[PDB]
Amino acid sequence: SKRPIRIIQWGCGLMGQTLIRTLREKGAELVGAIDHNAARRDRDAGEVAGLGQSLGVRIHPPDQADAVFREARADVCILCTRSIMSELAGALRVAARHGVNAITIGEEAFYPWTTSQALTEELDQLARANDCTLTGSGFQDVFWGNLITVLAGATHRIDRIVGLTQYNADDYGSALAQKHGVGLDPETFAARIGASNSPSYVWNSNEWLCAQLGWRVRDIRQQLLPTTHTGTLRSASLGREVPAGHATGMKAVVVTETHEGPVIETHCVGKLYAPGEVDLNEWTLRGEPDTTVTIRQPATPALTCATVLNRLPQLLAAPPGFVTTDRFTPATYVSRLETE
Amino acid sequence: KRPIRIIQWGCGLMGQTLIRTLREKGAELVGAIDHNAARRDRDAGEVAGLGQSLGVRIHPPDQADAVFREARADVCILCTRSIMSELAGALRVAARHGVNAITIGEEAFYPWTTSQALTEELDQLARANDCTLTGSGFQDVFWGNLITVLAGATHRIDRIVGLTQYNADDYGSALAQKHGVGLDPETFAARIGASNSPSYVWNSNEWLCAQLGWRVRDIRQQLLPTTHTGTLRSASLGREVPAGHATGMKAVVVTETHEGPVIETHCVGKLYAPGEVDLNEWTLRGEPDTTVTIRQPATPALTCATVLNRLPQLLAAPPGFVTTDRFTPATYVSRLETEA
Ligand SMILES: NC(=O)c1ccc[n+]([C@@H]2O[C@H](COP(=O)([O-])OP(=O)(O)OC[C@H]3O[C@@H](n4cnc5c(N)ncnc54)[C@H](OP(=O)(O)O)[C@@H]3O)[C@@H](O)[C@H]2O)c1
Ligand SMILES: [NH3+]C1CCCCC1
């Protein structure tokens, strides 16, 4: 006897709407919905997600999260809100206090152990105390992660791993556009983005690779450079026109040096696209032998959401704590989001 | 910790690569078997092209029991033949001496339906003697965990479509022979086409179904000769193949599941005209559609490196004939060492 996995969606923006539609297609049940956005509070989650039949799941503001957790009897909270642990920790604490497993697409949560050590250790203790698992997943899990380590499993010697990834700032909400400096003039970009040099998404995903490959990080160097176009580009995400020479987004170059010798160099571009530009994911393992993998035009948003859903049975089965996916076996295709 | 102790059975092109590379990863060659007249009584290091002899004389197979009793080996690597009926002799010797065996023999990757009785016999023998037998090679990642790791980021799979191509000349006589290299069209039809023996991707498609949790309903295979407009040399057979003779074999395997998804795999093993390269391109068709390309895979080096990376898992695995779908994916290993 199987029952649907019971999901609270926290963040009912572009990604959250995709997850609401897709979790139901896999046989899961939406049992709670939280969003602070004015336009969405009090609407039916089904309606907002573009379903034709309302779900009977009212979107609550976050100040009512404890009420929606107590009512919902959920197996899992999916959190699609912000990129950094400081801005995710509040929602993760709520899920943990209620003993509800949580998975976030928030990029830092993929591997936050050094970048937000104290928040991660506190959440790990709380999740342990309440007998639930927290984790970070998304596009990184396969495409900047297990894709590379499965190919490393066919490699005799690795000298260097080199990654090139690119995604469209317009496909995601304002947390991503903001992190990438979309619409900033060159001087403001340098001063706000370049100067503060906050860990890019591939800072955390390169640490995940080292953890799964069994390497120890010695140093990480990052440069954030504005991306630019010769014409004006419109940001539907931030609702701003970006004139030629203003930042259309950010290229991050991260070089991860290990004690063991190998280095991971990852170029990560989030920007507005000129006509004919597409998502990229290309990796080379340099050593013996040299191997290059190319994903032809990854459907980055769809792939993000599908790995989150495929992870859910492993998240339920996982031991309690904040357990990053480097400690899991790779995500497997799940036909139905149901549990015994 | 001590080096893993390896008997190399088959000291041809792949066996020479393994002898050189296993030592580079900190394993120790303790035995060598080869039936080739040119290699019998020579030092395995010398034959592998090392400048310093290893003190390991290549024995003919009629002396295999003697080399196993003497060597006290942890692992036998078997690089000889493609099909279980031709591998069984060596696997029986390894198992009777309680030594773990891993073969690049392609049927051994997943032989449970194609050679059921041989596999069940070897499984009980291996169990009686407290050792693990398995099949690995290029298939393990590039026709296997590469696909299932991408499947982990997929919402719905309708069809998996594979195109792979390798150079018949990179592997020695047994593979050239299996691919009908140098056969005239009539002999090809009669020996190869007519008998329709399981191509390598018959067994690898069954492995994919086992790891994705699908049940095979039917498998259909067409074997067609490959041809060139010019004469080509097989360095493995040392013969010229004139225009219109078989330069190798294209296999098309359609694997239908009870669940609905189908795996359609196109597999070409042939002599290469100038400019031709190895290929490995897969599409997961469904939601979303994902295409992965390996740019000119170094198929031989990848075959050997995944066998070595598998060794710690082969030692750890329970006794019996345990196909690699029951293992977690191969992981990059720096040092081939074991306890006590
Ligand atoms: N790991 C990955 O592979 C991956 C993939 C895609 C996106 N992401 C990231 O995950 C996050 C969500 O992406 P998205 O594109 O769906 O952004 P989005 O369209 O802005 O949607 C997020 C929703 O959450 C709301 N929100 C933000 N903070 C909240 C809080 N504390 N409580 C309740 N609701 C809150 C937002 O409201 P407002 O609009 O009012 O702020 C919005 O409705 C972003 O930071 C993005 O970078 C990660
Ligand atoms: N951070 C998300 C947006 C695209 C890159 C990886 C997933």
# chains A, B, ... in the order shown; residues from 1 in each chain; ligands from 1
$ interface_residues --of "chain A" --to "chain B" --cutoff "9 Å" --atoms "only C-alpha atoms" --output "PyMOL selection string"
chain A and resi 22+25-26+138-139+141-143+146-147+149-158+212-214+288-299+302-311+329-335
$ residues_near_ligand --ligand "ligand 2" --cutoff "10 Å" --atoms "only C-alpha atoms and all ligand atoms" --output "ChimeraX atom specification"
/A:15,82-83,105-108,110,137-141,143-144,165-169,171-173,175-176,200-202,205,268-270,279,281,299-301,303-305
$ residues_around --residues "residue 28 (chain B)" --least-positions-apart "5" --cutoff "10 Å" --atoms "only C-alpha atoms" --output "list in words"
residues 2, 3, 4, 5, 6, 7, 19, 22, 23, 54, 73, 336 and 337 of chain B
$ residues_around --residues "residue 10 (chain B)" --least-positions-apart "5" --cutoff "7 Å" --atoms "only C-alpha atoms" --output "PyMOL selection string"
chain B and resi 15+33-34+78-80
$ write_last_selection --atoms "C-alpha atoms" --output "PDB file, in the first residue's frame"
ATOM      1  CA  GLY B  15      46.067  -6.019 -20.452  1.00  0.00           C
ATOM      2  CA  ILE B  33      48.401 -15.353 -17.883  1.00  0.00           C
ATOM      3  CA  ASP B  34      48.310 -15.167 -21.703  1.00  0.00           C
ATOM      4  CA  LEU B  78      40.306 -10.780 -17.314  1.00  0.00           C
ATOM      5  CA  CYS B  79      40.848  -9.189 -20.794  1.00  0.00           C
ATOM      6  CA  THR B  80      40.468 -12.032 -23.314  1.00  0.00           C
TER       7      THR B  80
END
$ atom_distance --atom1 "CA of residue 50 (chain A)" --atom2 "CA of residue 20 (chain A)"
9.3 Å
$ residues_around --residues "region 242-248 of chain B" --least-positions-apart "3" --cutoff "6 Å" --atoms "only C-alpha atoms" --output "ChimeraX atom specification"
/B:179-184,225-231,269-271
$ write_last_selection --atoms "N, CA and C atoms" --output "PDB file, in the first residue's frame"
ATOM      1  N   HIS B 179      33.009  -8.576 -34.649  1.00  0.00           N
ATOM      2  CA  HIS B 179      32.408  -7.519 -35.515  1.00  0.00           C
ATOM      3  C   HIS B 179      32.485  -7.900 -37.007  1.00  0.00           C
ATOM      4  N   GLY B 180      32.944  -9.117 -37.326  1.00  0.00           N
ATOM      5  CA  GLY B 180      33.026  -9.661 -38.696  1.00  0.00           C
ATOM      6  C   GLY B 180      33.982  -8.878 -39.583  1.00  0.00           C
ATOM      7  N   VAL B 181      35.048  -8.320 -39.011  1.00  0.00           N
ATOM      8  CA  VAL B 181      36.013  -7.474 -39.753  1.00  0.00           C
ATOM      9  C   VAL B 181      36.709  -8.360 -40.793  1.00  0.00           C
ATOM     10  N   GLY B 182      36.697  -7.931 -42.061  1.00  0.00           N
ATOM     11  CA  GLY B 182      37.360  -8.627 -43.174  1.00  0.00           C
ATOM     12  C   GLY B 182      36.524  -9.748 -43.773  1.00  0.00           C
ATOM     13  N   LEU B 183      35.303  -9.988 -43.279  1.00  0.00           N
ATOM     14  CA  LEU B 183      34.389 -10.978 -43.888  1.00  0.00           C
ATOM     15  C   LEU B 183      33.772 -10.369 -45.142  1.00  0.00           C
ATOM     16  N   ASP B 184      33.659 -11.168 -46.200  1.00  0.00           N
ATOM     17  CA  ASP B 184      32.865 -10.782 -47.397  1.00  0.00           C
ATOM     18  C   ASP B 184      31.394 -10.744 -46.978  1.00  0.00           C
ATOM     19  N   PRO B 225      26.652  -5.127 -41.686  1.00  0.00           N
ATOM     20  CA  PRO B 225      28.067  -4.922 -41.881  1.00  0.00           C
ATOM     21  C   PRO B 225      28.230  -3.420 -42.097  1.00  0.00           C
ATOM     22  N   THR B 226      29.363  -2.930 -41.671  1.00  0.00           N
ATOM     23  CA  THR B 226      29.866  -1.595 -41.990  1.00  0.00           C
ATOM     24  C   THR B 226      30.779  -1.782 -43.222  1.00  0.00           C
ATOM     25  N   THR B 227      30.929  -0.768 -44.061  1.00  0.00           N
ATOM     26  CA  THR B 227      31.660  -0.874 -45.344  1.00  0.00           C
ATOM     27  C   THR B 227      32.423   0.430 -45.587  1.00  0.00           C
ATOM     28  N   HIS B 228      33.512   0.410 -46.364  1.00  0.00           N
ATOM     29  CA  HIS B 228      34.176   1.656 -46.839  1.00  0.00           C
ATOM     30  C   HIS B 228      34.364   1.625 -48.358  1.00  0.00           C
ATOM     31  N   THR B 229      34.464   2.796 -48.994  1.00  0.00           N
ATOM     32  CA  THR B 229      34.688   2.958 -50.458  1.00  0.00           C
ATOM     33  C   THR B 229      36.154   2.676 -50.807  1.00  0.00           C
ATOM     34  N   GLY B 230      37.038   2.666 -49.799  1.00  0.00           N
ATOM     35  CA  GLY B 230      38.484   2.402 -49.927  1.00  0.00           C
ATOM     36  C   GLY B 230      38.897   1.196 -49.100  1.00  0.00           C
ATOM     37  N   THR B 231      40.100   0.688 -49.343  1.00  0.00           N
ATOM     38  CA  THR B 231      40.661  -0.480 -48.623  1.00  0.00           C
ATOM     39  C   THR B 231      41.188   0.073 -47.297  1.00  0.00           C
ATOM     40  N   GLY B 269      31.112  -0.792 -34.264  1.00  0.00           N
ATOM     41  CA  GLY B 269      32.511  -1.192 -34.085  1.00  0.00           C
ATOM     42  C   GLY B 269      33.081  -1.492 -35.446  1.00  0.00           C
ATOM     43  N   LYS B 270      34.021  -0.684 -35.914  1.00  0.00           N
ATOM     44  CA  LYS B 270      34.574  -0.842 -37.276  1.00  0.00           C
ATOM     45  C   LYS B 270      35.975  -0.248 -37.385  1.00  0.00           C
ATOM     46  N   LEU B 271      36.639  -0.581 -38.474  1.00  0.00           N
ATOM     47  CA  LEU B 271      37.852   0.118 -38.949  1.00  0.00           C
ATOM     48  C   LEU B 271      37.443   1.538 -39.359  1.00  0.00           C
TER      49      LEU B 271
END
$ closest_residue --among "A:244, A:238, A:164, A:30" --to "residue 177 (chain A)" --atoms "only C-alpha atoms"
A:238
$ residues_around --residues "residue 119 (chain B)" --least-positions-apart "6" --cutoff "7 Å" --atoms "only C-alpha atoms" --output "short mmCIF file (atom, residue, chain, number, x, y, z; two decimals) with N, CA, C and O atoms, in the first residue's frame"
data_model
loop_
_atom_site.label_atom_id
_atom_site.label_comp_id
_atom_site.auth_asym_id
_atom_site.auth_seq_id
_atom_site.Cartn_x
_atom_site.Cartn_y
_atom_site.Cartn_z
N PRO B 111 25.05 -10.54 -17.93
CA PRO B 111 24.85 -11.79 -18.66
C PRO B 111 23.66 -12.64 -18.18
O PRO B 111 23.52 -13.76 -18.64
N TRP B 112 22.85 -12.11 -17.26
CA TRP B 112 21.79 -12.85 -16.52
C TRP B 112 20.76 -13.49 -17.45
O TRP B 112 20.27 -14.54 -17.04
N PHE B 321 28.26 -13.65 -8.28
CA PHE B 321 28.35 -12.90 -9.55
C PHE B 321 27.46 -11.67 -9.38
O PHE B 321 26.22 -11.80 -9.41
#
$ residues_around --residues "residue 104 (chain A)" --least-positions-apart "4" --cutoff "6 Å" --atoms "only C-alpha atoms" --output "list in words"
residues 78, 79, 80 and 136 of chain A
$ write_last_selection --atoms "C-alpha atoms" --output "mmCIF file, in the first residue's frame"
data_model
loop_
_atom_site.group_PDB
_atom_site.id
_atom_site.type_symbol
_atom_site.label_atom_id
_atom_site.label_comp_id
_atom_site.auth_asym_id
_atom_site.auth_seq_id
_atom_site.Cartn_x
_atom_site.Cartn_y
_atom_site.Cartn_z
ATOM 1 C CA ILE A 78 10.483 22.251 -1.038
ATOM 2 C CA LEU A 79 12.014 25.722 -0.562
ATOM 3 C CA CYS A 80 12.517 27.918 -3.697
ATOM 4 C CA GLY A 136 20.269 21.537 -1.055
#
$ select_by_dssp --residues "region 194-286 of chain A" --states "strand (DSSP E or B)" --output "VMD selection string"
chain A and resid 217 to 227 233 to 235 240 to 242 249 to 258 263 to 271 280 to 286
$ select_by_dssp --residues "region 95-257 of chain B" --states "helix (DSSP H, G or I)" --output "PyMOL selection string"
chain B and resi 95-96+106-109+116-128+138-151+168-170+173-178+185-193+200-212
$ atom_distance --atom1 "CA of residue 272 (chain A)" --atom2 "CA of residue 241 (chain A)"
10.6 Å
$ atom_distance --atom1 "CA of residue 224 (chain A)" --atom2 "CA of residue 92 (chain A)"
28.6 Å
$ closest_residue --among "A:133, A:116, A:178, A:339" --to "ligand 1" --atoms "only C-alpha atoms and all ligand atoms"
A:178
